[PDB]
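Values quoted throughout were computed directly from the atomic coordinates according to the rules given, and no laboratory measurement underlies them. Here the Cβ positions follow ideal geometry from the backbone for every residue, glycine too, while neighbour counts run over all protein chains shown.
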Amino acid sequence: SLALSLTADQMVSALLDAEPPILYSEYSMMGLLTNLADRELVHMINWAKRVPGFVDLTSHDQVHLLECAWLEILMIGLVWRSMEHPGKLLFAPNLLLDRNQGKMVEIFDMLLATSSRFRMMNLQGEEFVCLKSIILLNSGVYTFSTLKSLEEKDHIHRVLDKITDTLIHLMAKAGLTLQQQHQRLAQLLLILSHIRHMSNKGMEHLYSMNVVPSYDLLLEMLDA
Amino acid sequence: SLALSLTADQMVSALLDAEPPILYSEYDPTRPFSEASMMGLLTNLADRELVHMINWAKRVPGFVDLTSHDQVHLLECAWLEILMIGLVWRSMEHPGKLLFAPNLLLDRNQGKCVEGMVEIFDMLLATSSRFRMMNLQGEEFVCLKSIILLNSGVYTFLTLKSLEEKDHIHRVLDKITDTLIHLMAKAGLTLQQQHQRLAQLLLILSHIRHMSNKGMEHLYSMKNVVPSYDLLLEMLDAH
Ligand SMILES: COc1ccc2c(c1)CCCN2S(=O)(=O)[C@@H]1C[C@@H]2O[C@H]1C(c1ccc(O)cc1)=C2c1ccc(O)cc1
């Protein structure tokens, strides 16, 4: 597998060069966020096709992973943009909202606590792209009966190992001791639990409040 | 604060001794089940397990350093995930089956007489397949279940006292990471393997969190089953 022969720095370079652009709101917030997320989705697809190992998977498996990950990925992008703005969520450069204005207030607070935790930890951009790759490959991997699917799962897990190794390398380069490398790895992956939880809450708050991209839509966008 | 002084070997031992008992389900169930009666057995088992889960939590190194309010907050956020990982562990040796209790072993086809539950089944069965394929060790299971207790609710805290406890929580989590790695090293794993397995284990926790969210919808919708703040409170003060 082409993904599996990459070094850490080559993996990090691939992800960095695949990063989607920071988009702008075009001006009711729900409409502004819906429009913004819809335009963000088109870039997420094309970024995902550039995650090493992702296009080795079958188209069906690619859609399943994107189905499961799409909101976690939008959310981690949001908390990364809002990192250097304590107390505010940087939805877009022209749409920077705070708690009162933001609210739906429960979701808002959890996002602010995620951003603050990333500020606390001095999360680096090279680490962020790795984390967002892990979300793409991990979130749907436990919910795919055949020998093809067994291979696909095995492939995903070996690419996930390659990203783990990449993360460890980045920390070792920054001088962290081995004890500090394992600890910080754990800290990063434990926040991914919180993101899933925020994604699930956002989903159910969407229901109580169509806008979720369908399996067929994702497959159309992936295949075109 | 004795908690952060422990070595890895004494962390394992502390958690192993803290493991709660395996309870039996209600012995006289009419079968086949209906939706109602199955829920009745499961709710009843979960309500009895919850009592023992409190006693275990108070023996997790560092848990009782927290204020009582924050102990409850952590149990509120984690209680279903902990019931689930325990269920997943019990069922490792039973492919295609969930061992709720030694006398309540259920297949996938039984889960569907509860309306929405078969999907959760499907997900809990796959976690037990995963754990079996990684040959998840008991000592690793007790570390993971402790991480859930302290992690699931930490991101929703906090002011100085709050920042102190969140830092105390993360320093215990760091100490359970150190422990997991120590286990992997003595089992002989290369460092590369030690890190890859740690990651593998911690990413499964995100799935467990999904399943809990899934399940919790159901309990609230489609609520009195969920243990209240007062109920947890007070089980905690019964010291
Ligand atoms: C085959 O019928 C099912 C199966 C799953 C579900 C339902 C029916 C109803 C809809 C919700 N789900 S569920 O996912 O939320 C939850 C996880 C597990 O099953 C449920 C359950 C439980 C049931 C009643 C409660 O009062 C408390 C918890 C579970 C449990 C109980 C004890 C354990 O020691 C470990 C896990």
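If I go through the stretch A:170-181 residue by residue, how many of them are at the interface with chain B (Cβ under 8 Å from one of its Cβ atoms) and surrounded by 19 or more Cβ atoms within 10 Å (Cβ to Cβ)?
1
Exactly one of (1) among the β-branched types (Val, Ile, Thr); (2) under 23 Å from B:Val142 (Cα atoms); (3) surrounded by fewer than 16 Cβ atoms within 10 Å (Cβ to Cβ) is unmet by B:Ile204. Its number? It fails just one condition, (3). Contact map, the stretch B:201-225: residues that are over 30 Å from B:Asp178 (Cβ atoms) paired with residues that are β-branched (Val, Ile, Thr) and within 6 Å of the ligand (Cβ to nearest atom), Cβ distance under 7 Å, separation 6+ or inter-chain. Pairs shown: B:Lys214/B:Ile120; B:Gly215/B:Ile120; B:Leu219/B:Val225; B:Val225/B:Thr43. Number of residues in the stretch B:78-95 that are closer than 18 Å to B:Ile208 by Cα, more than 10 Å from the ligand (Cβ to nearest atom) and within 14 Å of chain A (Cβ to nearest Cβ) equals 1. Going by the structure shown, is B:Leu124 surrounded by fewer than 20 Cβ atoms within 10 Å (Cβ to Cβ), under 28 Å from B:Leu173 (Cα atoms) and within 14 Å of the ligand (Cβ to nearest atom)? In short, no.
Scanning the stretch B:128-143 for any residue that is closer than 28 Å to B:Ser221 by Cα and either more than 8 Å from the ligand (Cβ to nearest atom) or under 19 Å from the mean Cα position of the chain (by Cα) (or both) turns up at least one such residue. With respect to being touching a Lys or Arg at 6+ places or on another chain (Cβ under 6 Å), away from the ligand (no atom under 11 Å from the Cβ) and of a type in the set (A, V, I, L, M), B:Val51 falls outside the description. The condition (being hydrophobic (A, V, I, L, M, F, W, C), in contact with a helix residue (DSSP H, G or I) (Cβ under 9 Å, 6 or more places away or on another chain) and more than 13 Å from chain A (Cβ to nearest Cβ)) is satisfied by just one residue among B:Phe131, B:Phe141, B:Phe157: B:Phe141. Against the conditions (1) more than 8 Å from chain A (Cβ to nearest Cβ); (2) part of a helix (DSSP H, G or I); (3) over 24 Å from A:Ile134 (Cβ atoms); (4) within 16 Å of the ligand (Cβ to nearest atom), where does B:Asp167 fall short? Just the number, please. For B:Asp167, the failing item is (4). A search for C-beta distances below 8 Å between a residue of the stretch B:47-67 that is at positive phi and any residue that is surrounded by 15 or more Cβ atoms within 10 Å (Cβ to Cβ) and aliphatic (A, V, I, L, M), counting only pairs 6+ apart in sequence or on different chains, returns B:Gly62/B:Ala3; B:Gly62/B:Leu150; B:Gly62/B:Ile169; B:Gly62/B:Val172. Screening B:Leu74 with (1) more than 9 Å from the ligand (Cβ to nearest atom); (2) more than 14 Å from chain A (Cβ to nearest Cβ); (3) in a helix (DSSP H, G or I) gives one miss only, at (2). Counting the residues of the stretch B:111-123 that are touching a strand residue (DSSP E or B) at 6+ places or on another chain (Cβ under 9 Å) and more than 14 Å from chain A (Cβ to nearest Cβ) gives 1.
Residues of the stretch B:97-119 include none that is more than 10 Å from the ligand (Cβ to nearest atom), within 30 Å of B:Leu233 (Cα to Cα) and of a type in the set (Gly, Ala, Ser).
Can you find, within the stretch B:182-232, the residue that is nearest to the other protein chains (Cβ to nearest Cβ) among those that are outside any helix (DSSP H, G or I) and within 16 Å of the ligand (Cβ to nearest atom)? Checked the stretch B:182-232; the qualifying residue nearest to the other protein chains (Cβ to nearest Cβ) is B:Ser221. Provide a single number: the residues in the stretch A:40-67 that are surrounded by 14 or more Cβ atoms within 10 Å (Cβ to Cβ), part of a helix (DSSP H, G or I) and out of contact with any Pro (no Cβ under 9 Å at 6 or more places or on another chain). Looking only at that region, the number is 11. Kindly indicate whether B:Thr159 is exposed (fewer than 15 other Cβ atoms within 10 Å of the Cβ) and either closer than 16 Å to B:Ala8 by Cα or more than 16 Å from the ligand (Cβ to nearest atom) (or both). So B:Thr159 fits the description; yes.
In this structure, does B:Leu236 turn out to be within 18 Å of the chain's Cα centre (by Cα), within 8 Å of chain A (Cβ to nearest Cβ) and surrounded by 15 or more Cβ atoms within 10 Å (Cβ to Cβ)? Against the criterion (within 18 Å of the chain's Cα centre (by Cα), within 8 Å of chain A (Cβ to nearest Cβ) and surrounded by 15 or more Cβ atoms within 10 Å (Cβ to Cβ)), B:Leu236 does not qualify.
Step by step: first the residues of the stretch B:18-39, then only those that are closer than 17 Å to B:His218 by Cβ, more than 8 Å from the ligand (Cβ to nearest atom) and surrounded by 14 or more Cβ atoms within 10 Å (Cβ to Cβ), then the one that is farthest from the other protein chains (Cβ to nearest Cβ). Which residue is that? Filtering first and then ranking leaves B:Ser37.
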